[PDB]
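Provided below as structure tokens are two forms of one protein chain, presented individually as structure 1 and structure 2.
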Structure 1
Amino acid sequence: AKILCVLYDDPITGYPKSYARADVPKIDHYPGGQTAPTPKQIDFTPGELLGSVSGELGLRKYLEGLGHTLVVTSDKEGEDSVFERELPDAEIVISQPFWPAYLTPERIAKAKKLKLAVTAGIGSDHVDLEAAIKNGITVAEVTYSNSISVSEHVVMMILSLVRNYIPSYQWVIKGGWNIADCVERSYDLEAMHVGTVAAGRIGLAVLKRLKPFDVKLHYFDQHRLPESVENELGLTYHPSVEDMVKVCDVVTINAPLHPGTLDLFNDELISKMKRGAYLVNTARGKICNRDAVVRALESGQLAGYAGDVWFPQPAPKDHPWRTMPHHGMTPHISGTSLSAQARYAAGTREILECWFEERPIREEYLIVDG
């Protein structure tokens, strides 16, 4: 069987010959009970770069050992791409949200042999699920693999926006000191109201990390948390996003991209936020209206915006989130720390092993069971 695997380019300096550190911590479980991925073996050392083309998610020796072929490419856009040229033949397709090979209805129809689509990461919005179901295709993602990584990025970005980190760092680089320049927009996070859209794996991890900062916590989720959890964290549940954002100094978005979240943060909802609110979005780019964010930063309605997720990806050179005032953006990286890569790579293998050995794929990994 042919496995077709789309990954991002190596670093422009070459695939790394060494790393800043010798190893990474062992993670073998997640809050709430779920175990870390359980492949029978891994053919990499946690901490290696796995998610770029030379890394191959550590899959080659395993797949070739079983008589399969593995095609790895970053070339994923259009009919002429290696991806589309190889797609009709592939039984299995794998990519990461950070560099996603879209399975549109058109691509799915062309993909005559496709039985399994794996998301190495979380969030399968790049796969047409209606089309997968129609064609009996199984769709899996590595649930929880990077949720914590994101939660860390979120808290980092909230503190960086509120405290005015990056502007202050720039004064250092520019050879200045300029205390008042740095702190005329520098606040403490303490005792601010912070709210999350969603309290799933990421959102709950964010709340737990925010708690000791002594903020007042708020959230909305279609699935309300147990009352006892609300009480332990000091959470206020709100019946809607709109109702929540009205009282928040800071809002972080941690819901998947789907009908109810597409363009959720448009001019109208942003206008309901407190003037000078901070908005953080490591969920998906399209949950926030591109130009509405820009307008709100320009007017001061938002004091700052930060996230790692864009529409489209990669963001073109002219993408206006690059030059809008008061941002702390990164490219789409939070879910692809080297730490996270070890887990979703192990998880991708665990899924492939279940597939080939005809064992059930873990229930929490399954998005459609074909």
Structure 2
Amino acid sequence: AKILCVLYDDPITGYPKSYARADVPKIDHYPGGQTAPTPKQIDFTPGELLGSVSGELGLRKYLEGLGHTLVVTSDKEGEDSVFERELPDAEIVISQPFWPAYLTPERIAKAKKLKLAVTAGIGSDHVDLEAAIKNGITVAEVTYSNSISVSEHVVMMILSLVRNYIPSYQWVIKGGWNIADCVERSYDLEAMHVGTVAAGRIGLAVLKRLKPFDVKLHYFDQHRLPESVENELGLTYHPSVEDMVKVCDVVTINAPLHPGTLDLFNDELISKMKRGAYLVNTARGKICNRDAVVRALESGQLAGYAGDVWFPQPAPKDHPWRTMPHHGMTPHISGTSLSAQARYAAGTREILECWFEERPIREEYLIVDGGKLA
């Protein structure tokens, strides 16, 4: 079989020959008890760069050892890409949400041999599930593999915005000291009101990390959490996003993009936030209306915005979120720390081993099971 694997470019300095650290912590399970991936073996040391083209998710020796072919590329856009060229022949497609190979209905139509699409990471946003279902394609993801990573990135961004970290660091590099310049926008987080949109795996990991900073916690979710969980974390539930944001100093978005959440943070909703609110979004770019964010930061309605998701992706050089005031943005990287890569590469191999041995893929990894379909 041919496995077609899209990954991001190597670093501009080439695939790394050395790392800052020799190893990473061994993670054996996630909150709630799901076990970390259990492939029969891995052909990498956890800590190596796996998500880029020369990293190959550590899959080449395994796949070629079985007599299969592995094509890896970063070239994935348009009918004229290496991805589209190689697709007709591919039994399996793998990509990450950080550099996704879109499986649109037209590509799936052209993908004559395709039977399994694996997300190396979490989600299936780049795959058209209706066309997958129609064509008997199994869709799998490595559930929970980077949820904790994202939650850390979120809390890091909250603290950096509220405390005015980045401008302060910049004074150091510029040769300055400028205490008053640093601190005329510097606040503590303590006792601020912080709310999350959605309390899934990431939202709940964020609320747990925020709790000992002694903030007051709020959330909105289409499905209200159990009373024991509200009590444990001291959560105030709100029946809507609007109700919630009126009382929050900080708002974090941890929700999927669906009709209910597209352009949720528009001029009007942002106008209902408290003046000088902080808004963090590691969920989906289009949940926050691009220009409404720029406009609110320019007016001071938002005191800061940060997150790692953009529309489109990659962001063009002229994307206005790059130059708007008071942001703490990164590129889309939160779920692809080296620690997370070790987990999702291991889960990718676990899935592939099940596929080739005709053993069931773990139920929690399966988004659509082609084996259940006619």
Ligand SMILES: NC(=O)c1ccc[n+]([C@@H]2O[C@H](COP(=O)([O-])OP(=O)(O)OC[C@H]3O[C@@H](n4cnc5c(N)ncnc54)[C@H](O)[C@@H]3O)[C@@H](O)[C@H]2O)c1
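Numbering for residues begins at 1 and runs along the sequence of structure 1. Just so we're on the same page, rigid core means the largest C-alpha set that superposes within 1.5 Å between forms.
Q: Do you think the form solved without this ligand is shown as structure 1, or as structure 2?
A: Answer to the question: structure 2 is the form solved without this ligand, whereas structure 1 comes from elsewhere.
Q: May I ask for the C-alpha shift of residue 214 between structures 1 and 2, in Å, based on superposition of the rigid core?
A: Once the two forms are fitted on their core, the shift reads 0.1 Å.
Q: Please state the CA displacement of residue 226 between structures 1 and 2 in angstrom, with both forms fitted on the core.
A: Spelling it out: core superposed, C-alpha of residue 226 shifted, distance 1.3 Å.
Q: Report, to one decimal in Å, how far the Cα of residue 259 moves between structures 1 and 2 once the rigid core is superposed.
A: On core superposition, this C-alpha lies 2.6 Å from its counterpart.
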